[PDB]
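Visitor: Residue numbers (our numbering): 9 to 265. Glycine residues also receive a C-beta, built at the ideal position from the N, C-alpha and C atoms. Dropping a structure here in structure tokens format, bear with me for questions.
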Ligand SMILES: NS(=O)(=O)c1ccc(NC(=O)NC2CCCC2)cc1
Ligand SMILES: [Zn+2]
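Take a look at the structure:
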């Protein structure tokens, strides 16, 4: 089954998931000079004050911090979006080295990691229905660079020892995802896909221009996770990113100039 190794990695995914070669695949390179400022883009509204985190799970591909999405508690609205999108989970992709790890790139620059806050359009009733719709999901992407520590990330880092291997979960209540945001909400946006199988073409991508900084020690702790289950051969969970895909017939729009 699929993963990020030599024999089951991104170059292989198209055999089980032909949409891998589709018309609106993610991630992409964001060519800053070619992106178009769109004055018609409304400001992003990130309303996370009532967020209810529940649990953190190592799923064998990344780790997800999951939220109660049975009411409008943590929502994303505005920007390119019509309607209300509920936060269901966030996770990251990261590298084995500080010079790689992000899925989106900016003028071909790779960041050390990339945070994805995954939201679904409430008009579709549940997440499983939403991923079957071209406007079903909105994922807020945030680049990580290595420098100073991100204080709001530390509670995540310190629970990772309890979910080292695939299938492990731990209680993770009262986490505030506002502590993971940069100062600016300036963004690029384009229509795309899930960046792992099943690669469904259901995402409005909103990628923030301003990265957050995390410390060497913080990212080193991500790299101690395992892709494998307990009692299976140890393979470090690193380089769990898909490279940039062809932009095809898409325009990336910018909220700023
Ligand atoms: N990296 S990402 O595009 O933000 C992403 C988000 C969610 C999932 N997967 C997920 O939500 N899977 C369920 C929906 C379809 C099958 C199960 C994969 C990639
Ligand atoms: Zn992701």
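Hey, would you say residue 260 sits closer than 7 Å to residue 180, going by beta carbons?
Guide: No.
Visitor: Which stretch, first to last residue, makes up the alpha helix (DSSP H) that contains residue 225?
Guide: First-last of the alpha helix (DSSP H) with residue 225: 224–230.
Visitor: Would a C-beta distance cut-off of 7 Å place residue 6 and residue 187 closer than the cut-off?
Guide: Residue coverage of the chain in this structure runs from 9 to 265, which leaves residue 6 outside it and unanswerable.
Visitor: Short check: CB of residue 220 to CB of residue 190, under 7 Å?
Guide: In this structure, residue 190 lies closer than 7 Å to residue 220 by Cβ.
Visitor: Measuring from the CB of residue 202, is there a heavy atom of ligand 1 at a distance below 6 Å?
Guide: Residue 202 Cβ: within cutoff of ligand 1.
Visitor: Contact defined as beta carbons within less than 8 Å: I believe residue 246 pairs with residue 103. What is the distance between those atoms, to the nearest angstrom?
Guide: Residue 246 to residue 103, Cβ: 6 Å. Contact.
Visitor: In this structure, how does DSSP classify residue 92 when only helix, strand and coil are distinguished?
Guide: Residue 92: coil per DSSP, three-state reduction.
Visitor: Are residue 165 and residue 226 touching if we call contact CB-CB under 7 Å?
Guide: Yes. Within cutoff.
Visitor: Along the chain, where does the alpha helix (DSSP H) that runs through residue 136 open and close?
Guide: Taken as a continuous stretch (DSSP letters only), the alpha helix (DSSP H) holding residue 136 covers 135–138.
Visitor: Alpha helix (DSSP H) containing residue 163: first to last residue?
Guide: Looking at the DSSP string, the run of the alpha helix (DSSP H) that includes residue 163 is 162–167.
Visitor: Which term fits residue 142, buried or exposed, when burial requires 16 or more other beta carbons within 10 angstroms of its beta carbon?
Guide: Result: exposed.
Visitor: Given 6 Å as the limit, tell me if residue 69 has its C-beta closer than that to any heavy atom belonging to ligand 1.
Guide: No, ligand 1 has no heavy atom inside 6 Å of this Cβ.
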